[PDB]
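Scroll down for the structure; my scribbles are underneath it.
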Amino acid sequence: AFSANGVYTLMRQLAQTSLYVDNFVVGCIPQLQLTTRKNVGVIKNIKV
Amino acid sequence: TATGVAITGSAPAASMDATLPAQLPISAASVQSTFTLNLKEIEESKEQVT
């Protein structure tokens with residue numbers, strides 16, 4: 001897997017069934033962390 | 001078989017051309033012939049034949 005802007009993504013060209021049917025794929029694997037729920041503030045539901 | 005389908009095709013069925021045997025038997029029969037000639041008649045046949 002390469003490193004497109006700090007996010008690790010993996011190519012893996014898939015299998016072949018017909019004669020002209022290449023059909024690639026691509027994908028990644030995320031997770032987000034929010035330690036120390038002290039510094040966080042929200043002002044939910046503004047008129048907008 | 002070489003059929004025509006598409007170019008977004010579906011890879012058609014198998015072909016497997018075949019060979020066959022012939023087997024031509026020989027070892028049964030024969031063509032023969034016999035004589036059955038005596039021993040006295042071959043001695044007088046050097047006399048009464050010109």
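By convention in this document, the chains of the structure tokens carry letters A, B, ... by their order, each chain's residues are numbered from 1, and ligands are numbered from 1 in the order they are shown.
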Interface rows for chain A against chain B: nearest pair, Å to one decimal, 12 Å, only C-alpha atoms, as a Markdown table:
| residue | atom | partner | partner_atom | distance |
| --- | --- | --- | --- | --- |
| A:16 | CA | B:11 | CA | 10.4 |
| A:17 | CA | B:11 | CA | 7.2 |
| A:18 | CA | B:10 | CA | 5.0 |
| A:19 | CA | B:11 | CA | 6.5 |
| A:20 | CA | B:8 | CA | 6.3 |
| A:21 | CA | B:8 | CA | 6.8 |
| A:22 | CA | B:8 | CA | 10.5 |
| A:23 | CA | B:8 | CA | 11.8 |
Query - Non-local contacts of residue 15 (chain B) (12 Å; only C-alpha atoms; under 6 positions in same chain excluded) as a PyMOL selection string - result: chain B and resi 1-3
Can I get the selection written as a PDB file, in the first residue's frame, with N, CA, C and O atoms?
ATOM      1  N   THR B   1     -14.327 -25.131 -32.149  1.00  0.00           N
ATOM      2  CA  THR B   1     -15.294 -24.112 -32.520  1.00  0.00           C
ATOM      3  C   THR B   1     -14.706 -22.736 -32.266  1.00  0.00           C
ATOM      4  O   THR B   1     -14.010 -22.521 -31.271  1.00  0.00           O
ATOM      5  N   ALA B   2     -14.987 -21.804 -33.175  1.00  0.00           N
ATOM      6  CA  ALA B   2     -14.532 -20.424 -33.061  1.00  0.00           C
ATOM      7  C   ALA B   2     -15.729 -19.529 -33.332  1.00  0.00           C
ATOM      8  O   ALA B   2     -15.933 -19.076 -34.459  1.00  0.00           O
ATOM      9  N   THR B   3     -16.511 -19.267 -32.294  1.00  0.00           N
ATOM     10  CA  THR B   3     -17.740 -18.509 -32.436  1.00  0.00           C
ATOM     11  C   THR B   3     -17.493 -17.028 -32.180  1.00  0.00           C
ATOM     12  O   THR B   3     -16.435 -16.615 -31.706  1.00  0.00           O
TER      13      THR B   3
END
Requested in this report: State, in Å with one decimal place, the distance from CA of residue 3 (chain A) to CA of residue 25 (chain A).
Outcome: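 Rounded to one decimal, the two atoms are 16.5 Å apart.
Here CA of residue 39 (chain A) and CA of residue 5 (chain A) stand 27.1 Å from one another.
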